[PDB]
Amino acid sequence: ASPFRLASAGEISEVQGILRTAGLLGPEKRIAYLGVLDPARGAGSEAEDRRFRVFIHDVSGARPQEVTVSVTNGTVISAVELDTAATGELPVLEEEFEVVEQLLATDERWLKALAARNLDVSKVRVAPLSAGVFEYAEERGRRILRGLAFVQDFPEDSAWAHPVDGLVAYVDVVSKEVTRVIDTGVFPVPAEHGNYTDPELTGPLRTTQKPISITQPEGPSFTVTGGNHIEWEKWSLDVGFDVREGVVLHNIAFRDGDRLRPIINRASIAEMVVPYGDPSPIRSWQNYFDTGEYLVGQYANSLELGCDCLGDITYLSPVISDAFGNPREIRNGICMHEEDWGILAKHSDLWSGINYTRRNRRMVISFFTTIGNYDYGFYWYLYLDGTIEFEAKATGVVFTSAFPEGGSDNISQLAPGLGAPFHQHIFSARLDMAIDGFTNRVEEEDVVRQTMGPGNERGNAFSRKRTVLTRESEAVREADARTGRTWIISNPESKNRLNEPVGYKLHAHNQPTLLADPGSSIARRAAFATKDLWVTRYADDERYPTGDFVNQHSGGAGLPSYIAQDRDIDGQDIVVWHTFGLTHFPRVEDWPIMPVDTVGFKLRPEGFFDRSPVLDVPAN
């Protein structure tokens, strides 16, 4: 009954039939993206219309199309042909990944490069990577992937240990042509293996770890209704899943007495970029937009009980479309559980004689994705005290290169002859705010130091200042950890019992933002990543910080274009976009498989409640 329910297999099958009958899904067509559209603002008329947005690619070279379909009515709402040299190419298809290695295997230039290195072409894996936009005029309007080669010594070998440096190829995956093969010189292929399940590398496995058993003898404290509606410890929300963004949280609200109070209308990771900092021409083009170019949701893992998710786990199994419009279930793709989280509040009072301890817990919603060598976990946490937190977990195998004789300023050495280029992993969280409703505003809060003098004779005072962001042109903000900078999202029309506007404070980790030169291609295509915080006025079509069509888009799309409208954001329907990321200088300990590292952000209540919201937690 809920408009925010997950897409069903039946809905996707109906979309396929509607597209086929309309003549839009012939044998040459591929679905590059399919997802449900959110209800438009003002759905308080019960007139639900389940609409789907579809990107249709054509493998014969005809123009792709963007199509909107109503499964409720069984109709095509609109269908637009796309000029991809103007607005960008469609996301990469899973089936194009295979084309790259097969095409290169028959190319004379590729074979002569492998022959010079005495490599058997049957053992050479090619990583198919997105192209970006650089100096190659012949690439405008064509679908290009670039390939980097790795040697697999046997079928279960980790090819990442054996990069073939000095060699790169570019491939037109529609015309099936190899456009360029660049060979800058022979580097030795690193010889040590990286097989982290091989007993001679691991040694004998430890026998010292005793089991930890986490159970819930009465079941979990949360309920799931309507497939994806969660109620847990006064929280209420809907768990969505989109093939591009992955897990999306809708309608995050908190039950305060008999009032259901909204906090966040929609929360998602709306882009993530992985730029490489190696100036070698073999890799200086390398930038992954995992969300916008590859679609992180379609590579979500099936999560295993006891290994990936431990405890009393409730699973969701979202359904997505394959490239032909058939529904595909991602079995056990989302884990949901609660976790003990230590002490919530504690005080032993000498005067009253009362000793008081309460324990905290959090609700966890998570999925894991694998894009080539990298694996990312996305974790959303809700806490008893009203805190909302996101955490990204990065693991997998680092991308490798040769390590040059005589060292490098831009590459770490991991093993003899084996290097790992410097890079970043940068995320954009899109937070469509609804603090007690939709009239919100953002204030920037800095600590204020005071000078010793009149009215501060002992030089101990310090204060804070808040600056309201009133227009989009002034709402592009930088972190300042030294001044304790945070941002408060408040509702100026909703007051707590002290007559102060209710609010939530965003605490950033204050990690470095995009390091590339501001004149670079990546700085233009990932402009969101150059600043810590952006605030826009909500609009239906402003969904991604990088635009709708990220693949091979020349630049400037998304946030820099949106904020040029300079709209009023002072007590309006607003969206916060927070950039955060990891700067990765690989260490020896990251090899041959990397222990998890993390980054994230959190939001804490700031006068949202009239007192602590966890006074009614029992003693346990």
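One rule holds for the numbers: they count along the sequence shown, beginning at 1.
Notebook entry, point to check: Which is higher in the entry, the mean Cα B factor of 414-422 or that of 362-370?
Noted result: Averaged over C-alpha atoms, the B-factors run higher in 414-422.
Checklist line | Stretch with the greater mean C-alpha B-factor as recorded in the entry, comparing 308-316 against 440-448 | finding: Comparing 308-316 with 440-448, the higher average CA B-factor belongs to 308-316.
Next item on the list: Kindly indicate the residue among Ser521, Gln286, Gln102, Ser321 with the greatest C-alpha B-factor in the PDB record.
Entry: So the option with the highest C-alpha B-factor is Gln102.
Notebook entry, point to check: From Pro454, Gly325, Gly484, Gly342, can you pick the one with the highest C-alpha B factor in the entry?
Noted result: Of the options given, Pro454 has the highest CA B-factor in the PDB entry.
Note to self: When the deposited Cα B-factors of this chain's modelled residues are ordered and cut into thirds, is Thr75 in the lowest, the middle or the highest one?
What the structure shows: Top third by C-alpha B-factor.
Item checked: Chain thirds of CA B-factor: placement of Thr207 -> Ranked within chain, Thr207 CA B lands in the highest tercile.
Check: According to the PDB entry, is the CA B factor of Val576 in the bottom, middle or top third of its chain, that is, lowest, middle or highest?
Finding: Its C-alpha B-factor, which the entry lists for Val576, ranks in the lowest third among residues of this chain.
Note to self: Please say which third, lowest, middle or highest, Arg464 falls into when its CA temperature factor is compared across its chain.
What the structure shows: As the PDB entry reports it, the C-alpha B-factor of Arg464 lands in the lowest third of its chain.
Margin query: Taking only the Cα B-factors deposited for this chain, tell me whether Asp570 sits in the lowest, middle or highest third.
Written below: Middle third.
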